[PDB]
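All chains are named by letter (A, B, ...) in the order of the sequence lines, taking the proteins before the strands, and each is independently numbered beginning at 1. Atom set for the values below is all heavy atoms of this structure, side chains included, hydrogens, waters and symmetry mates excluded.
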Amino acid sequence: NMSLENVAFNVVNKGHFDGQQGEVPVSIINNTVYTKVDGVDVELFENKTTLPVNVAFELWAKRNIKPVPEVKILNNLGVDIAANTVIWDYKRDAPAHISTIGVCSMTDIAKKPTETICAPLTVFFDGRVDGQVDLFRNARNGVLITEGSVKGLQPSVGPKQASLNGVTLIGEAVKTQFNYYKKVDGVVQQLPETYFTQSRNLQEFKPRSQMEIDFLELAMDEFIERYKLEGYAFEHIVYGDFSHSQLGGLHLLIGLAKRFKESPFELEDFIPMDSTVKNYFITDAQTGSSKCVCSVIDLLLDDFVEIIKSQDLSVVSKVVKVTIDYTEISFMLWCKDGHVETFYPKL
Amino acid sequence: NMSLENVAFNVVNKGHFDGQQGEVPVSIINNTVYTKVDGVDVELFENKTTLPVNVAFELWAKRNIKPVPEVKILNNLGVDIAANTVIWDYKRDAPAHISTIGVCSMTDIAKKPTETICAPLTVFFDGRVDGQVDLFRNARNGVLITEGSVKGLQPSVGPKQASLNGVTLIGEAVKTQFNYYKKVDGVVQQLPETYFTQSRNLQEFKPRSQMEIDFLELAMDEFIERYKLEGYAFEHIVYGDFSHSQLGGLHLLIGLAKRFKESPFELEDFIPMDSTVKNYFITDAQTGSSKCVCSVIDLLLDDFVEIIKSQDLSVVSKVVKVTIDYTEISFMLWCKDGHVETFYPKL
Amino acid sequence: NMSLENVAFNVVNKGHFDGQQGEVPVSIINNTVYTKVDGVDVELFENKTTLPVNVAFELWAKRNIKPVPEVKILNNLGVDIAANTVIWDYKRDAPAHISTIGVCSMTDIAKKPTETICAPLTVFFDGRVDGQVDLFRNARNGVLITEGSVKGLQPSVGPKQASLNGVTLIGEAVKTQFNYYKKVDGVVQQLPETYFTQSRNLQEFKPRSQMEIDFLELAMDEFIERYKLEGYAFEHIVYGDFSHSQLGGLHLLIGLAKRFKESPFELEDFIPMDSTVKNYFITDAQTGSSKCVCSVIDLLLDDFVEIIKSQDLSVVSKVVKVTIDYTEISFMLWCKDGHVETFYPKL
Amino acid sequence: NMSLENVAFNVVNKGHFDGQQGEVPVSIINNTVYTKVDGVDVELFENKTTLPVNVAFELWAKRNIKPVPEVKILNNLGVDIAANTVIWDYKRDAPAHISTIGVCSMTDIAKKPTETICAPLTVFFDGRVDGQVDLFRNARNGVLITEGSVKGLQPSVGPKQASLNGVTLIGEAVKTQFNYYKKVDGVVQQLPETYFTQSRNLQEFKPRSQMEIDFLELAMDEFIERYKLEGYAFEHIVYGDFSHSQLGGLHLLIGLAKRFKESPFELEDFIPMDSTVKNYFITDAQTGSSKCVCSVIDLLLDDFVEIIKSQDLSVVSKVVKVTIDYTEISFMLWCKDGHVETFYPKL
Amino acid sequence: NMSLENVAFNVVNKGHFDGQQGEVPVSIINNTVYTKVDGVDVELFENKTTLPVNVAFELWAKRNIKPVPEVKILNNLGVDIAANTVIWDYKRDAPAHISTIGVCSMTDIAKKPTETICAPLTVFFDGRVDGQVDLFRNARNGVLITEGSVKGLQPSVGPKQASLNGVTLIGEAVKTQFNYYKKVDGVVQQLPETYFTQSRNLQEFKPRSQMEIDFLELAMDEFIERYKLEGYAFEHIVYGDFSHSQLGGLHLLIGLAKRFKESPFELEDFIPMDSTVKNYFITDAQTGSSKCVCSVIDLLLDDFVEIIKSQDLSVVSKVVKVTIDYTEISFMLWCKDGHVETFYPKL
């Protein structure tokens, strides 16, 4: 059954744990796993987790290598544990959940989710696995994803992108958009209307709408003129203000990407994890403008336009709730004389 | 007052220590600081210093987040300690000074620089902080920086660039050029005439003079012809010689940048720190030419021209002293028959 | 003689160990070596090996800084130890061999290869060093490299590239192609006909033949038409198939380089070492196609064409042996109705 | 500087650092220093300090092997650093002082005490070493020990015992009683008329007076009668109360020794260091009585009798300062109806 | 190879590795091996060796639990490695040998001693195991122990005592006296006529002869009289001098045992390993006499009397070679006027 040397055999021969028989010699020094190859030791894994090195090594080998939802999605849905699989958080380089079910003896709380210890927990079920749809039908609290329809259950469509081996992508040779289902205390839940973040990054940013194409290809004055955005303070919120010591606005990722192609800047991710809203310590190299906590979100520009245009601007300041990635994101809206001053999210 | 959990609260909520009240749960494993977020541990800080992890974590959170002089400047001025702040050396990923004054209990030698323990040390004072100019007037040995004039003190103007959160830049939304002052044994010192290095890097090198623009845009034969530099061995010193096994010359950073755009090469910084002269183990990928110790300095090309043209060339070899970044840099000048052979600095 | 502080003196002053006299203060914390510079500690070396930090630090300082064969070459020839030098494996960031001869007291099994302990081992000799050719003539088992001819020994010509300080290159200011010789049990061996891998990488890939230039500059249909490669399944083997969940083929490095310029992808080197065949866990960002174990080899495209055209295609599946880098590489050849289906190597 | 391997050579060949020349192979793993003895590694030093392993090993090797004052004596005199020697704290298994003077390059703030940086520090001088008395006269702050009189210096006779290699004892083949002198800001200070602790331990404990001899053999009631100790709470202060959950009194070490021979108990030294007054968490194995903080001190019984009998019993609670080991010890004095209730020291 | 979890299973269920099948959950943290016992982690092995934690744990589990020779015996015979077993050095808490033969894949240089790589190594064979005597005949270098005679092999009778699980004793329910044989380069060597050390320790010490019985009960003067030891410096060599600062003589263990019962003292084993002659840094608790290097050996008193009485006292200083534990021990012999002054062993 279980064996450290057998786990390393699979990694060496199959790139991951594939249930194959065999053993290779291993050495444990510090938080690193080595193996002997022609008389020399070769590093296989460096433990960046809070778990023992041999345990964390086992879970990483048994990680899910299929398209899975991003961890922030699972977090916003309150997933506590997965059923007979391991979700690897590549943002944290660690397992997404503390315990396991029928995966690793050191972390297993149960062999099956049918066991009594799993009832209060929100177990994640994968409909692509045989028998897991019915396990969800018998689970007290759980979350389920499927590719197609499910009889007797009104689905909730997720985002276009999913994580495959740490790579977030919109699948073309594989399906990445799932139907979502959730039960709480044996009662199926009606998932709310939500926006979805795009999970893009600066180095490889690509526009996904004609408005996003126009935003990047055109100038600030023309873009505001084309889409009639006067009074909404896009210069501050999206384009960002760099004239002063403290950086102004710059809360949309597409705004950061437009600047990065022309002027570099430093982003310090002082909370390195997968979350819908990301906070950064930013310093602009060209001007010297900086801000300690700059909340950034990767919303589609069209969706962001709809949100800010759907608000009341008669109050100097108030808190705005927006359901994004199935979680309720709080926004700070500042207005003066019927026009927007700033509008930023909070974590 | 002090608290590890309170320090992490500020980092999580404010990106740094901002004196706010609150606590978050933390874990110390190896040289890393974690915190719990929705039941999982998230890395906040990895100790790359020789100090205890919790102490180094505290100093990094309390680091100075305003434009500060680069560490090499402070080193050349003999700064031993800073007054009620922490200068973070991003080149070393560690505090620039061993002890502190009124910052961290574990490293504090004093609460104020007025205390008797601070008299022999060269304390760094920031004139932008209230009351620190007069503290410098009462300090026995110290260094002071200001933005404007100071009554009764003849200032010394520093370089255009300063470090902001590890980013060296010439500020446009903030001031980065300061006036410099120094006292030794209660006696104000007259700072010497000095050149200043430019603190640029290869990936983002930008010319800062028409001569530098001509150097990068033109060829070697034309550049020497335009600025009449025959007999000074710029082909060796600046452009570099790659025909032989040992690399020849290549001691100016602008020379490295011109090559890097056309041919890649490997630079091994065997002394990773902030210093006016940087020594590298270089290996040219295209040709195979290499040199163990290649001293490199980032001087403005015009300033470098003035220096080498201001020397006597009648001796085969001698040592040349040049005041750069307020420190006296030794150069090796080799000549033959009234013409320069090579001219390189030493660390 | 030997001294930790003296070794660090050479590194600081000469970039490596140069047998110079002097000492500097050092600190050992975790797997890292520091030294004091103006009262602060500066990191000199981080031990990424399975050896003690001070020992590994000594061997790294005494590493060979001349053009040396790549480790995979030495591995395929069965080199167990080097004579009075240290070969540093930059792929593993560790010594290429466990023990040493006359280098470090902690790892020395002998002072000279003439000693009785060295007879069974395959000792690597460098003909560029004085007296090492005759030592090879007296060694029982050994490997030798030279630049020119050797009297009484029929040479075997190696590859054009060699490793210089971790930089694999074809030397232009230095010679990188050597003559190879090997003795087993006092008997000179006749080295077999072998192909050689090119040791290129994706970021800096350059074609080395007109066929390689045509492969990158032209389309798939035209390239197959120009070089008449119908029925050999280059679309699968070289260009790669991304239409399905599992990635198809893509076993030649030049195929990866052509894709990388247009579409990015993730390569996970789960066995980080120098080997003729490299296995990767690949995930294509654009399509989502992936494969756990994708064997890749960097053969010249012309050589690869010659190999696959020199095979019999009448069997559904068989194992093909090819001598590459002096080792016998096993290939899997799949055919159907006289045409190639796939052809990939194994490690 | 110097050589780590040379330090290890002296240890194996001289038991300590004797300045002899020679070197041996050394391995540094974890916080442990090993050496190769005929192929196998032998542990030489387990670093239990807060300093780097190689540094602390050098300081432990250079520890003072002559009879030296106990660390509690030096601390009570405000000693900050030693002159050209290392005082080893065996009860902490660590150096008694942070920095050094002319001992170890890593910890040296100076090579000689006359250096300007040593002025504000109370430097410890050993008069038994040549030139150290004159260095004391030059020093601004310092403490001096001698075996005889110094010209014009008013001596302070210290305790009979001293520490020889972690062993506290009255020297018979050596002199363990010294004259003590102290300077504060260039001014000699008269040391106070003080008591001294006996520095005995629990398991090996010998009485040093007829009263102490009587205390161990006489019953509680008959001992109080012979020495007229009615109304002084000796039963509580010295004998101890075990009838209640919180342990009553028991603050003299000789009282602990008398009980330990009769009944065992546990002592938790939650502050493991050498100090005049020691605090212990004590649990009695027979009764179950316990106290979280029990202040204990090893005074001669005759001294404690003389001390407690010179007090005024007309106050309900009084703070009493007593000079012991050159420092003021504060006592709590509870009385009722002209009789002592309890009288315990405080740390 | 095999399984780390299987090794831990045998330890908890058999006290050691018994080859049984089964597995238990294991955690590796620091250099400690834990296992889960009803939810909690129980420490199983603290790695005190220079090998990886998992490797050393496997070797300790596979240690030889039969009576084996003491490590000082094997070292004195030049034993480099063991045949299909592990000898545990309990005085080092580490394997007695670096590599293994058919024991652990990580440390195995070979599976069987007949392999060609084991030829230049002195392999230890246990004649009590089937086939090991024949493997000794095939071996080029080796050492063999047996309980009885071997055909045609001239035996060497070893000491009465052996080590059973770190316990040295004379076997009563087992045989601890073996015949010893040795081969050097295929040639059997006659082992020298030797003495043997008694391998007793200080706290638990029993005399083994009437002379030793008399030594412990008789006074110094009356014991020398009964055994006619005038002019042989027994008072210095065996009894020891405490009147001076440097400790005089004291080189026989039975002399140490006689003093320890009367007065305690400290022994610093600065080279903690098993060897025929042990060096200690000694400090006497009563007098204060001390010596940095005090050579001690545990010989029977009758043997030492026989040895010292067969010497020639007509030389001021002489080096004396004595065969003890199959190795030559060098002695310093100082004499004056035909009388012994001191006679101490050297390590």
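Of all the listed residues (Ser275(C), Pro272(C), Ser245(C)), the one sharing the greatest number of non-hydrogen pairs under 4.5 Å with chain A is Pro272(C). For the options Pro95(C), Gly78(C), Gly288(C), heavy-atom pairs under 4.5 Å to chain A are most numerous at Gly288(C). Interface check for chain A: of the options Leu347(C), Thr283(C), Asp269(C), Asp89(C), the most heavy-atom pairs under 4.5 Å are formed by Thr283(C).
Only the backbone of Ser243(C) comes within less than 4.5 Å of a heavy atom of chain A; no side-chain atom from C-beta onward does. Residue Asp18(A): no heavy atom, backbone or side chain, is found under 4.5 Å from chain C. With a threshold of 4.5 angstrom between heavy atoms, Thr49(C) approaches chain A through N, CA, C or O but not through any side-chain atom. Residue contact with chain A, scored on non-hydrogen atoms closer than 4.5 Å, involves the backbone and the side chain of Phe270(C) alike. For a residue to count as touching a neighbouring chain, one of its non-hydrogen atoms must lie under 4.5 Å from one of that chain's; by this rule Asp284(C) touches chain A with the backbone only. Residue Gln286(C) touches chain A through both its backbone and its side chain, counting heavy-atom pairs closer than 4.5 Å. Within the 4.5 angstrom heavy-atom criterion, atoms from both the backbone and the side chain of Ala285(C) approach chain A.
Contacts between residues 155-171 of chain A and chain C, counted as heavy-atom pairs separated by less than 4.5 Å, involve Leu164(A), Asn165(A), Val167(A), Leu169(A), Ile170(A), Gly171(A).
Under the side chain to side chain contact (heavy atoms under 4.5 Å, CB included) criterion, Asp38(A) pairs with no residue at all, not counting sequence neighbours. In this structure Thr107(A) satisfies the side chain to side chain contact (heavy atoms under 4.5 Å, CB included) test together with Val55(A), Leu59(A), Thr100(A), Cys104(A), sequence neighbours excluded. Every residue meeting the side chain to side chain contact (heavy atoms under 4.5 Å, CB included) condition with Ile109(C), not counting sequence neighbours, appears here in chain and number order: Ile81(C), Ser99(C), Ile101(C), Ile117(C), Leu121(C).
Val174(A) has its side chain out of reach of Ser289(C): every pair of non-hydrogen atoms, C-beta onward, lies at least 4.5 Å apart.
Taking a 6.0 Å sphere around CD of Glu262(C), one finds it holds 12 or fewer heavy atoms contributed by other residues, nucleotides or ligands.
Shown here for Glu204(A) and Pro264(C), the closest heavy-atom pair between the two residues is OE2-CB, 3.8 Å. Taking every heavy atom of both residues into account, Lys14(A) and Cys292(C) meet most closely at O-CB, 3.4 Å. In terms of heavy atoms, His16(A) sits closest to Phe281(C) at CD2-CE1, 4.4 Å.
Considering NZ of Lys346(C) and CG of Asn13(A), their distance stands at 11.5 Å, rounded to 0.5 Å. The structure places CD1 of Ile65(A) at 13.0 Å from NZ of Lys291(C), a figure rounded to the nearest 0.5 Å.
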